[PDB]
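Engineer:
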Amino acid sequence: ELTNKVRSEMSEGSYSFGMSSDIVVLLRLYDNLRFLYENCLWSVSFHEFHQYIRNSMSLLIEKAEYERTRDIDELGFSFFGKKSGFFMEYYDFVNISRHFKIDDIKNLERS
Amino acid sequence: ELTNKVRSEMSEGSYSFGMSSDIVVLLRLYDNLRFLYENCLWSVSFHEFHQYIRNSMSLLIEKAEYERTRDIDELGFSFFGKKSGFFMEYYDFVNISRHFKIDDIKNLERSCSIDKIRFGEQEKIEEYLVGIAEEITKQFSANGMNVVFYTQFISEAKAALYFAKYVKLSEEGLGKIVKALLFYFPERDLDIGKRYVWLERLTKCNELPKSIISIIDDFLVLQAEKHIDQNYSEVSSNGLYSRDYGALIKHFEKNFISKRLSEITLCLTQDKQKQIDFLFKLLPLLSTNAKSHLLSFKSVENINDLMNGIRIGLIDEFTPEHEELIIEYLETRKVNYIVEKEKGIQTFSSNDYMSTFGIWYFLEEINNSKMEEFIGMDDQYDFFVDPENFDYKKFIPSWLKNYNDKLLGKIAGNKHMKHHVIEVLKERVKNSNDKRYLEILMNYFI
Amino acid sequence: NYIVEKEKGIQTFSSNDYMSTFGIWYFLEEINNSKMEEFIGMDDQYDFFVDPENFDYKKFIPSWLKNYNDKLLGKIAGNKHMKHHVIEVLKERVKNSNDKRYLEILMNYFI
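Protein chains in written order, with my numbering: chain G, 1252 to 1362; chain E, 301 to 746; chain H, 3 to 113.
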């Protein structure tokens, strides 16, 4: 539900405010990872969880790339000046290393 | 499993032997629909089923697009030669029309090019569309509206008529569809501006011979009759107003010459003040003798209002008396400008009529050496009159957003603006994500 | 050998198919023997670099544009035959694909 809208917004130039789509996706993904790893369930090794992590992280990175060169309008500069692209900290790097294959990372470099 | 395992696998490029995942998804969806409808369960009207069908039918088209767009190969020719075009049958069309909102179809059209996939079983699609038109006619021709049915039917009708341009339609069948789209659709759920968008949408792949021309003429006549009142008007959200309708007519024949509208406009006299404005919208029609007789009536001569008359298209030529009046306007502007430069003040007209003069005279609509004498007041004016000595550092790129197609072609045809504007647009593309600038650069300048 | 192979109907895509690289240094005018004209029709790239006048551009695959250097790209843009056709090919691909490389080649050199 959240990717398509965001992608459409990426074409429309419409701005996001408050708890945008990317924040909700990141929070839900971190909640799932922390739950599964803390309670020590082996389902972390299944393939569908890897795919879910892949798609969430790819959507976040694609949003960050658009935020890098988004045209800052008057309202945009007033509210979100001094562009801060999506930081990719320790946990994001660990997730990317764990749940990706080489072709998937190669696609992002193009996209 | 279709988003990386068969989508990133597509970057991987492995060929699935036996049965591929897309066929599994399509056949599972078909089985679910058959079980849910054949056994007559109502759970088919809820939100979850619609969302699932939207996702399942949206991923496949992106799959197909990425396969089309990857590259040239050699291994696939031996196994898959003479590509079996991914055919949307009757059932795919029905599913999309029933379960997709308008914005979802827009999203699909943006992401994956839907115009480059074939459509099969034309006759059944035509029957479905004719049935939808008949049902709309029955619904909105009676005094009793079933609201709970309407809220479910209008989405399907809009989605089908939007998704109707890929399929070739018979002219006799197209007559009913266009009549239902034009006359009986409620104005509440489709404003009069969007109706033109849909009609121009239906006219891309197919043409509309004399019969549909007469249908559009009848609609224009009815709308003209509706404008007798001094309060009834036209409201739109997507810009283009009733004028555009005539445009398509003039795009089709270029010598249409209305008949009923001619008799409607022949008896005008005076004291209308609203209908006359609408009749002057369709100037290039309405028969030569009647054209002269009624356009001679209530003309405009004062230069200040003549400016607003020209900008709306009422006046296009610049007669020697008209040229003298525009020269008077520009000389008053120049006197005020000289006094202002003496004072150091700079005043700009609300409507940039000096810029309008610049554009029209760039199209060579004004002939005078005084225009060369008028060099030095407006940056756009100096840009259009004497680009050879123009200071291109003062140029503002945003002006290019206000230009039209023919003006863009001629501005590309100029011998001076070429390289400087190329450099400016290169900087714009480098430092901005405005897709309009990229489109302008690619279509005309590149 | 290739006269025999076309009779055999075998196209050997050698990893050491330097005959493309012979065409590469010939395109830089490092080879001045006319016998190259006798070897026209053997590989698409060699025909493209040796006799571009009669070469059919429908066989051109855009992926090749990824493997040339700045000197080679500049020289390709230099001659009279290739500019318009390569420009059209780049226009199609930049609209039809998400790769940034084609945009860089189109923007920097051919424009």
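Think of the CB as a built atom: it goes at the ideal place given N, C-alpha and C, for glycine as much as any other residue.
Strictly by DSSP, which residues pair up with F419/E?
Structural biologist: Within the second sequence, residue 419/E is the residue found at index 119, counting from 1. DSSP output for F419/E lists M388/E as bridge partner(s).
Engineer: Does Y337/E pass the burial test, meaning 16 or more other C-beta atoms within 10 Å, or should it be called exposed?
Structural biologist: Position 37 of the second sequence, counting from 1, holds the residue named residue 337/E. Per the 10 Å Cβ criterion, exposed.
Engineer: Please determine, among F335/E, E472/E, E367/E, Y352/E, the residue with the shortest C-alpha to C-alpha distance to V325/E.
Structural biologist: Working through the second sequence from its first residue, we reach residue 325/E at position 25. Shortest Cα-Cα distance from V325/E to any of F335/E, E472/E, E367/E, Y352/E involves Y352/E.
Engineer: So with Cβ pairs under 9 Å, would you call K10/H a contact of chain G?
Structural biologist: One-based indexing of the third sequence puts residue 10/H at position 8. False, the Cβ-Cβ gap to chain G never drops below 9 Å.
Engineer: Under three-state DSSP, which class holds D404/E?
Structural biologist: In the second sequence, counting from the first residue as 1, residue 404/E sits at position 104. Helix, per DSSP.
Engineer: Please confirm whether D371/E and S65/H have their CB atoms less than 9 Å apart.
Structural biologist: Position 71 of the second sequence, counted from the first residue, corresponds to residue 371/E. Position 63 of the third sequence, counted from the first residue, corresponds to residue 65/H. The criterion of a C-beta distance shorter than 9 Å is satisfied by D371/E and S65/H.
Engineer: For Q13/H, which three-state DSSP category applies?
Structural biologist: Walking along the third sequence from the start, residue 13/H turns up at place 11. In the three-state DSSP reduction, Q13/H falls in the coil class, being neither helix nor strand.
Engineer: Counting only runs that start and end within the stretch 1297-1333 of chain G, where is the alpha helix (DSSP H) found for 4 or more residues in a row?
Structural biologist: 1298-1319, 1325-1331
Engineer: Assign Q439/E to one of three DSSP states: helix, strand, or coil.
Structural biologist: Sequence index remark: in the second sequence, residue 439/E carries index 139 (1-based). Helix, per DSSP.
Engineer: Classify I722/E as helix, strand or coil using the three-state DSSP reduction.
Structural biologist: On the second sequence, position 422 is the one that residue 722/E refers to. Here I722/E sits in helix by DSSP.
Engineer: Is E640/E helix, strand or coil when you go by DSSP?
Structural biologist: In the second sequence, the residue the question calls residue 640/E occupies position 340. Three-state DSSP puts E640/E in a helix.
Engineer: Taking 9 Å as the CB-CB limit, is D58/H close to chain G?
Structural biologist: Counting from one through the third sequence, the residue named residue 58/H turns up at place 56. Not closer than 9 Å to any Cβ of chain G, the Cβ of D58/H fails to qualify, so no.
Engineer: As a quick exercise: from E617/E, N743/E, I323/E, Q573/E, pick the residue whose alpha carbon is nearest that of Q530/E.
Structural biologist: Numbered from 1 along the second sequence, position 230 holds the residue referred to as residue 530/E. Minimum Cα distance to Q530/E is reached at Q573/E.
Engineer: Just to confirm, is the Cβ distance from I576/E to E534/E under 9 Å?
Structural biologist: As a working mapping, residue 576/E is identified with position 276 in the second sequence. As a working mapping, residue 534/E is identified with position 234 in the second sequence. It is not a contact, given that the beta carbons lie outside the stated cut-off.
Engineer: Using a C-beta to C-beta distance shorter than 7 Å, which residues of chain H count as neighbours of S1259/G?
Structural biologist: To locate residue 1259/G, count along the first sequence from 1; it is residue 8. Within 7 Å Cβ-Cβ: nothing; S1259/G doesn't reach chain H, min ~16 Å.
Engineer: Starting from the beta carbon of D45/H, find every residue of chain G whose beta carbon is closer than 9 Å, and list them in chain order.
Structural biologist: The sequence position of residue 45/H within the third sequence is 43, counting from 1. The contacting residues do not exist; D45/H stays about 27 Å from chain G at best.
Engineer: Going straight from the alpha carbon of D691/E to that of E617/E, what length do you get?
Structural biologist: On the second sequence, position 391 is the one that residue 691/E refers to. On the second sequence, position 317 is the one that residue 617/E refers to. So the two alpha carbons sit approximately 31 Å from each other.
Engineer: How many whole angstroms separate the CB atoms of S655/E and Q680/E, which I take to be in contact at a CB cut-off of 8 Å?
Structural biologist: Residue numbering aside, residue 655/E sits at position 355 when the second sequence is read from its first letter. Residue numbering aside, residue 680/E sits at position 380 when the second sequence is read from its first letter. About 5 Å; that satisfies the 8 Å criterion.
Engineer: Using the C-alpha atoms, what's the distance from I557/E back to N667/E?
Structural biologist: The count along the second sequence starts at 1 and reaches residue 667/E at position 367. The count along the second sequence starts at 1 and reaches residue 557/E at position 257. Taking the straight line from one Cα to the other gives about 33 Å.
Engineer: Within the 9 Å Cβ cut-off, does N98/H reach chain E?
Structural biologist: The residue labelled residue 98/H in the question sits at position 96 within the third sequence. Output row for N98/H: interface = yes.
Engineer: When you compare only the Cα positions, how much space is there between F1337/G and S308/E?
Structural biologist: Numbered from its first residue, the first sequence carries residue 1337/G at position 86. Numbered from its first residue, the second sequence carries residue 308/E at position 8. Their backbone Cα atoms lie some 24 Å apart in a straight line.
Engineer: Exposed or buried, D678/E, counting other C-beta atoms within 10 Å across all chains shown (16 or more means buried)?
Structural biologist: Position 378 of the second sequence holds residue 678/E. The residue is buried, with at least 16 neighbouring Cβ atoms inside 10 Å.
Engineer: So with CB distances below 8 Å, who are the chain G contacts of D101/H?
Structural biologist: Looking up residue 101/H in the third sequence gives position 99. Neighbours of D101/H on chain G, chain order: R1361.
Engineer: Do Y330/E and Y391/E have their CB atoms nearer than 9 Å?
Structural biologist: Along the second sequence, read from residue 1 onward, the residue named residue 330/E stands at position 30. Along the second sequence, read from residue 1 onward, the residue named residue 391/E stands at position 91. The answer is yes: Cβ separation under 9 Å.
Engineer: Does DSSP classify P54/H as helix, strand or coil?
Structural biologist: Position 52 of the third sequence, counted from the start, is the residue given in the question as residue 54/H. The answer is coil: DSSP assigns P54/H none of H, G, I, E or B.
Engineer: Give me the Cα-Cα distance between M1261/G and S1267/G, rounded to the nearest whole angstrom.
Structural biologist: In the first sequence, residue 1261/G corresponds to position 10, counting from 1. In the first sequence, residue 1267/G corresponds to position 16, counting from 1. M1261/G and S1267/G have their C-alpha atoms spaced approximately 10 Å apart.
Engineer: For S441/E, which residues from the same chain have a beta carbon less than 7 Å from its beta carbon, with the 5 sequence-adjacent residues on both sides left out?
Structural biologist: As a working mapping, residue 441/E is identified with position 141 in the second sequence. Excluding residues within five positions, the ones whose Cβ falls inside 7 Å are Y484.
Engineer: How many Å lie between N731/E and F674/E at the Cα?
Structural biologist: As a position in the second sequence, residue 731/E is number 431, starting the count at 1. As a position in the second sequence, residue 674/E is number 374, starting the count at 1. Taking the straight line joining both Cα atoms gives about 35 Å.
Engineer: So with Cβ pairs under 9 Å, would you call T303/E a contact of chain G?
Structural biologist: The count along the second sequence starts at 1 and reaches residue 303/E at position 3. Output row for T303/E: interface = yes.
Engineer: Is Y629/E closer than 9 Å to residue 290/E when the C-beta atoms are compared?
Structural biologist: With chain E running from 301 to 746 in the structure shown, residue 290/E is simply not present.
Engineer: I want to verify the contact list: residues of chain B whose CB lies under 9 Å from the CB of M109/H, in sequence order.
Structural biologist: Absent here is chain B; the protein component of the structure consists of chains G, E and H.
Engineer: In chain E, which residues lie less than 7 Å from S65/H when you measure between Cβ atoms?
Structural biologist: Taking the third sequence and counting its residues from 1, the one referred to as residue 65/H is at position 63. Per Cβ cutoff of 7 Å: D371.
Engineer: Going by DSSP, what residue range makes up the alpha helix (DSSP H) through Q573/E?
Structural biologist: Taking the second sequence and counting its residues from 1, the one referred to as residue 573/E is at position 273. Unbroken run through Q573/E: none, as it is neither H nor E.
Engineer: DSSP three-state label for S316/E, please.
Structural biologist: Here residue 316/E refers to the residue found at position 16 when the second sequence is read from its first residue. Looking at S316/E - three-state DSSP - the assignment turns out to be coil, as it is neither helix nor strand.
Engineer: Please work out which residues of its chain come closer than 8 Å, Cβ to Cβ, to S1335/G, disregarding the five sequence neighbours upstream and downstream, and give them in chain order.
Structural biologist: Within the first sequence, residue 1335/G is the residue found at index 84, counting from 1. None.
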